[PDB]
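Just one chain is shown here, as structure tokens, and it is the form deposited in one PDB entry.
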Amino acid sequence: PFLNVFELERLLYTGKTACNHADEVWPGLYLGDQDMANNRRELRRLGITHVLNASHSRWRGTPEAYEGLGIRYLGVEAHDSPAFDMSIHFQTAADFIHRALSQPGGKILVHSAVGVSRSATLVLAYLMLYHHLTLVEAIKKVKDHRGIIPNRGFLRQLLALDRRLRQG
């Protein structure tokens, strides 16, 4: 009927972290939630050219408005569970983000359902691979602008990426 401080901590980490539906966390890189992904007017207003859905649903498929908005789309199916292997998506998502930003005027929304875990993981991987931030560095840069908390398993995967990169 009682717990230890570690389980309390895990519960506390499910508290409020997100303040807006999306935040620019890197020049031209917005990180946000499903609402922003479905907000045609805001996607219009912000000049969104690429969308990376890190929570792609085979049921809902590619949002129908993105064609009318000129949006290049990449959905990856992913589940926000410490047991899920998000690393299968690191390089394909990073490359996508790189070529979105590489384009003059390019602007990308990376999103999940909440915008704090699946999506945040791929952004942090993108900064590690393409800008050579440490895992801790990328976390500090992103959390300056959006309260992120990748699940424990995604953090363990990002730590392993951090290890492998810093060696080579």
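Basically, rigid core = biggest C-alpha set you can superpose within 1.5 Å across the two forms. Residues that one form lacks are left out of the comparison. Residue numbers run from 1 along the displayed sequence.
Omitted here: the form deposited in another entry. The next part is about that form.
Inter-residue distance, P150 to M36 (Cα): reduced by at least 3 Å in that other deposited form versus the depicted form. Relative to the shown form, the CA atoms of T92 and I148 are pushed 3 Å or more farther apart in that other deposited form.
Here is what shifts between this form and the one not shown when you lay the two on the core: runs of at least 3 residues, every Cα off by 2 Å or more, at 58 to 60, 147 to 168.
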